[PDB]
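So you know, we letter chains A, B, ... as the sequences are listed, proteins then strands, and number each from 1. Ligands are counted one by one from 1 in listed order, and the atoms in each one are counted from 1 as well. Any value given below was found using the heavy atoms of this structure, including those in side chains, with hydrogens, waters and symmetry copies removed.
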Amino acid sequence: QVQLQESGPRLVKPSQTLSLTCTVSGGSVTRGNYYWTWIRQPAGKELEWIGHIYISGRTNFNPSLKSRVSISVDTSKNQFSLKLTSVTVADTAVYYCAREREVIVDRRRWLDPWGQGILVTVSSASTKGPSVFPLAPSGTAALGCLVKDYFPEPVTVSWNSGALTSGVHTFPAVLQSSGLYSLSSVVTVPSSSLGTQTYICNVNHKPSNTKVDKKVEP
Amino acid sequence: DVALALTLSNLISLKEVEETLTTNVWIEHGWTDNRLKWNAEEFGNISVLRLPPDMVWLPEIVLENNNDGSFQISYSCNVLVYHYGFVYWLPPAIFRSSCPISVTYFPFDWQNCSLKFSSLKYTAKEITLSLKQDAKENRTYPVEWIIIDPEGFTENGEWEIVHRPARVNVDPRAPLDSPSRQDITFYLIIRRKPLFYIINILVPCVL
Amino acid sequence: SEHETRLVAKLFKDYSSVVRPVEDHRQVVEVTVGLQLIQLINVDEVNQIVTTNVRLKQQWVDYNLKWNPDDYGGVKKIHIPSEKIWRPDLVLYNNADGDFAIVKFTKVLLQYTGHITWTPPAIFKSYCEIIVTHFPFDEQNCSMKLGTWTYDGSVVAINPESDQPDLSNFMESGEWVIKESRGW
Amino acid sequence: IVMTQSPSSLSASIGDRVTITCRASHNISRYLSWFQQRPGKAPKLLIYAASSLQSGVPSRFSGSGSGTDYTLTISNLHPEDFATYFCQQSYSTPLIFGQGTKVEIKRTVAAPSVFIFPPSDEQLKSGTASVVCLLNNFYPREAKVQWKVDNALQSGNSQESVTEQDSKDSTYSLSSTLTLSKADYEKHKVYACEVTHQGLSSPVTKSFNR
Amino acid sequence: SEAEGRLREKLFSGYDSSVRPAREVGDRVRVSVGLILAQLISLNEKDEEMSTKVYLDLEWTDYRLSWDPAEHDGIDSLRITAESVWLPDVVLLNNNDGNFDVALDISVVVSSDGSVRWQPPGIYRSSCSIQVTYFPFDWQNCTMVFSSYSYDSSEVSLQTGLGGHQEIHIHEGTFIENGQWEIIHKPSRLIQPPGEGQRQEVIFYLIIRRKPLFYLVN
Ligand SMILES: CC(C)CCC[C@@H](C)[C@H]1CC[C@H]2[C@@H]3CC=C4C[C@@H](O)CC[C@]4(C)[C@H]3CC[C@]12C
Ligand SMILES: *[C@@H]1O[C@H](CO)[C@@H](O)[C@H](O)[C@H]1NC(C)=O
């Protein structure tokens, strides 16, 4: 019945204010025994409860982030917003807006429904296309392409214009200390086919309009 | 299911300046309460009980179109509960209702008053309003008129009843959980008897 | 409001609205009375009756309606039904054909120190000697005598809140102008 | 309140039973929920109040417990039930989620096929050098890559990336990338990555001489 | 209705209808106030009072009256006698006859999230100062001032009712139109205190033009 929608800038610079807004449809933000909640999950780690605001306007916050966090409700637009001041790189995460239902008769409290989620990354880095380097093969042989030093995510990698999919493994991107991403895509092939068959990795990075078709050979 | 009928004991008045119809009516409510069923043979062949209305659940019908705040019946008489689960309740009431007045043909005018009955405590989801059903020769029909006793009814000194229909009105637009979804309206088309106004104003004034 | 629920249950567990609300019977109940005139409804010269819409602010202390806010989550003030507590029986002595006493039992404001404020409304119909000698240019001095009907001054003392009635929320009349007002 | 969810990782197969415990430091009056998160999706509520099943959830999921001890049971597993499972408490603020127990398909022990790749001449043209060691198609996930440069152990200058269980064999691959400056790359001759994994009788080394 | 009976018994165990429902000490209760005009009965110039028939539309949240429908046979809402639950003491402050209260207390609709909606009927005689200068070719400005009688703004916060317009609702089909008055404007406003005992108001204004045909003829 009720639907929650996150929105806000997908990229913020460090030491600035991260702002998000959750729009509620099919339900009033000032009606019913509800807590309008903000949670976050940094990628590959635990979920962290940022805070919530009650329908009366009272707010509760995580003690870890208490000083930097503020939550507000706007009744006219049926919205509630989160502000996190002086953000560092550790504040990069998928942010969720949720509704915690509370019932007194049965003495229960649970989060339902959740928002879809909004991925916010904290980085002063700017867009930069990848450099694509061959990972040249040395009875199955391996070869690949190194997609190095790009920002932001994502990059898509295919082999032979999508005709080669068997044995292809494209690794998740790793964030370097430089703030730029890097990944490798590899494929295992018969060693007998190294002399007869051509292998090309097709790398696309839309934010830079990088389109590279790199032939990989011994 | 709540079956309703109206008996007009007397049409007290229609005040034109205040546009108010004062009537004495007896509202027959009939419904089923299976919790109040018993075997007559297990309880000394008792077939009917008289109980205070505050002891049982009631389908709280009110006059929606009153204009004085008297929404409810005047005298909360006993309910009659039969062994097969039927609850019969005939509260009498004095009702003062809104009746807009068409002055176009006065004193040769006729009016179209209405008594609209609904439940504010319950909606169409919780109760279903319907007209009372009578039987003749094992054939059932609905009572689609205001009941008037030919013997005990005294005609008003100024108004003659021409038509007196009864209708179940359901609003398709309103939601089922709204009190305005359903009502039962009892109408009174009443023609003025202009003899007093004739003799006392019109003939002297015209002459 | 579980704190206020527990507080309200404690305050009225063994409470009496019959006895005067004092620790010791030789003490007097000090009541502050202030009249607020909202509207001058009517001046009936023939029957000598003045009809007014009023608010009868009454303030006292109930010795047995105190609590520590720290013991109840910091609750410092509550609103409770007036019918449950003892109240002064203020009566309009010169009532003509209306109510003698307050009949609209609105809620009282109770502070943690036992202080009670109760500001019920009333329609006062008061008997006033009407001098028609100078009508339509007449001036009328109309009074409202108010007192505890059954309690004498030795058990309940009444004191005016102010020397004048409160006219801050008075609705202007299209027939009369209040030249002067005072409480004695 | 601190919520300790055990075990951190489990392997089960289609049709087997799964049990995940989530102990609580303080007494909770059944104010516990069990969530399921799929890769890349929002967390999905399965159970709340420690026993109530959310609408639209298969009946195989079951929640139980009280006080400080709570359990989630997944009997008659399904292919779609391989996800991360979280326990969340709502007895007091701040709300505390569990560490997260991941359950994935359990398959035959397979050892990695190891490959080492030198830097390309193209990347050396730009002033940096990356050495990539690939571990391909191996289960379980537990594996250790060590880099050696002229038989000298490296530290602090490599990063690892891992795929999800393959959609076909449910095996894992892992890449380790040694990043060195071009100047540093030329001061040493032999570059090696050593791989240890329970399917390997002994550590496997792949190396090249520049 | 045995599930309804059990739910009601659990709902009202330990419940106090005289205590204002504030989740925590210091919380306010938001009360949305709206009006439906069933009939403009009259405007007595001699007594300077407007007689109307209305339905109030009061909405608030009582956290104590929340339950999980899954634990009570899927019951999502209840219809409860208004005397059983806490009510905001919303009255017509500017009544002219001494009557502050509604005509019938009827029943309140309570949702499983504790949201309470109450739509009592009311026959109100409100004070209206008549602008007599242009009678009978006059227009009047008659206000209905609704507010809590006891609770201050720090306890009960009033809002205009809109799902939504800031106006008196008039149903086109069923409205009993007055033969002497035409409704020109019908807005509603929230009046804040000027700025501890201060109270908001919700004022429903009726600007009405007299139809003077009777006085032209007579
Ligand atoms: C000059 C004479 C006729 C006197 C003036 C009579 C005027 C006032 C007319 C106007 C309307 C007339 C009435 C209209 C209808 C009827 C028909 C029938 O019911 C009997 C007479 C009666 C009731 C009429 C009586 C006379 C009447 C009242
Ligand atoms: C009721 O009627 C039956 C016959 O129908 C008779 O036998 C019985 O005695 C009567 N009275 C009681 C107490 O049932």
Give me the residue, atom name and distance of the protein heavy atom closest to [atom].
| atom | answer |
| --- | --- |
| atom 11 (N) of ligand 2 | B/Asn45 ND2, 3.0 Å |
| atom 13 (C) of ligand 2 | B/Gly44 CA, 3.7 Å |
| atom 1 (C) of ligand 1 | B/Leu207 CD2, 4.1 Å |
| atom 15 (C) of ligand 1 | B/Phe108 CE2, 4.4 Å |

Quick test of your reading of the model: are [X] and [Y] salt-bridged, counting only N-O distances below 4.0 Å?
| X | Y | answer |
| --- | --- | --- |
| B/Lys125 | B/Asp177 | no |
| B/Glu64 | B/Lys116 | yes |
| B/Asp171 | B/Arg173 | no |

Output yes when a protein non-hydrogen atom is found under 4.0 Å of [atom], and no otherwise.
| atom | answer |
| --- | --- |
| atom 7 (C) of ligand 1 | no |
| atom 17 (C) of ligand 1 | no |
| atom 11 (C) of ligand 1 | yes |
| atom 21 (C) of ligand 1 | no |
| atom 2 (O) of ligand 2 | yes |
| atom 4 (C) of ligand 1 | yes |

Q. With atoms numbered from 1 as shown, which atoms in ligand 1 lie under 4.0 angstrom from a non-hydrogen atom of B/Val203?
A.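 Reading through ligand 1 atom by atom, the close ones are 4 (C), 5 (C), 6 (C), 8 (C).
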
Q | Atoms of ligand 1 close to B/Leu202 [distance to a heavy atom under 4.0 angstrom, numbered from 1] | A |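 Near B/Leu202, meaning under 4.0 Å from one of its heavy atoms, ligand 1 has 8 (C).
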
Q. For ligand 1, is any non-hydrogen atom under 4.0 Å from B/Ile198's backbone (N, CA, C, O), its side chain (CB onward), both, or neither?
A.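 Looking at B/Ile198 and ligand 1, just side chain atoms fall under 4.0 Å.
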
Q) What is the distance from atom CG of E/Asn99 to atom OG of E/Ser126, rounded to the nearest 0.5 Å? A)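 Going from the CG atom of E/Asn99 to the OG atom of E/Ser126 covers 11.5 Å.
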
Q | Between E/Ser129 and C/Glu172, a side-chain donor and acceptor under 3.5 Å | A |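 Per modelled atom types, E/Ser129 and C/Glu172 side chains form no pair under 3.5 Å.
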
Q: Could you go through the side-chain contact (heavy atoms from CB on, under 4.5 Å) check for E/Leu43 and E/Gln140 one step at a time?
A: CA-CA 9 Å; E/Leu43 173 51; E/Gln140 297 301 311; 3.7 Å; yes

Q: Please name the residue in the list E/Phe146, E/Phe204, E/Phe100 that meets the ring pair (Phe, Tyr, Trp, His ring centres under 6.0 Å) test with E/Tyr124.
A: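 Passing option: E/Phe146.
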
Q: State which residue, out of B/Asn66, B/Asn67, B/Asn65, fulfils the side chain to side chain donor-acceptor pair (under 3.5 Å) condition with E/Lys53.
A: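 The option that passes is B/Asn66.
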
Q: Test ring pair (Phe, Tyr, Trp, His ring centres under 6.0 Å) on E/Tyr215 and E/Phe137 and set out the steps.
A: CA-CA 9 Å; E/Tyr215 306 78; E/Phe137 308 90; 8.1 Å; no

